[PDB]
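Let's start with one chain on its own, the form deposited without this ligand, as structure tokens.
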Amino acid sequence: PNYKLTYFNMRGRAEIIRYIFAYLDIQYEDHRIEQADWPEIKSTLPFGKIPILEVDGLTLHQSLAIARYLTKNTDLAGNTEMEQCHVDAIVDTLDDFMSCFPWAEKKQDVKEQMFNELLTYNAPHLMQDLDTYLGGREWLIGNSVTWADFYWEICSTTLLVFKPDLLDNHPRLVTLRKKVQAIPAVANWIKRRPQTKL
């Protein structure tokens, strides 16, 4: 299929899709737009938000809905319907927490205060929950990698930008990040992707 992904020049909410494409060896156009081209693009979109994925000219929206769509019938989805449930649940848990951050806050001091509060209190709580959920296991769900591990690596990469020592007391979570980053298709992508803060 002819795939075209549209998003800003950042990892952000498109990165999970980009990892999936890379892992499944699926070719696509990684279209990154600058702010100036957004108003026009936005007006053509039923829900006015990005990312969107065009598949043979048909437009899909909602980054996680798209991620799930791409992993369907693949092992990245989870090995059973039950494992698929756990995968979806971990992804949602990570997404809920990332959504707490005031990414668009215009008052820089307020943004700093809120980030510090979330990173001092909430983040370590979630990390303890995540660490104990993973236990001494290889991957978050089942015995092979799933897109939940990808989303963990993606979300943690962004959290580490703001609190580099966040995982200093969670070696098991660091090891999970390293395992995901070491998958050849992922390692290749991380090397060649545009370097951005977010």
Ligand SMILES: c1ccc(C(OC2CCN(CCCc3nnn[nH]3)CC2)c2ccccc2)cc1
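Note that residue numbering follows the sequence shown and begins at 1.
Keep in mind that the form solved in complex with this ligand is missing from the display, and what follows is about it.
For this ligand in the bound PDB entry, the listed stretch (167 to 175, 147 to 155, 22 to 30, 130 to 138) containing residues with heavy atoms inside 4.5 Å is 147 to 155.
In the bound PDB entry, this ligand sits within 4.5 Å of a heavy atom belonging to residue 10.
The closest non-hydrogen atom of residue 69 lies beyond 4.5 Å of this ligand in the bound PDB entry.
Using a 4.5 Å cutoff between non-hydrogen atoms, residue 95 counts as a contact of this ligand in the bound PDB entry. Contact annotation: residue 159 falls within 4.5 Å of this ligand in the bound PDB entry, judged by heavy atom distances.
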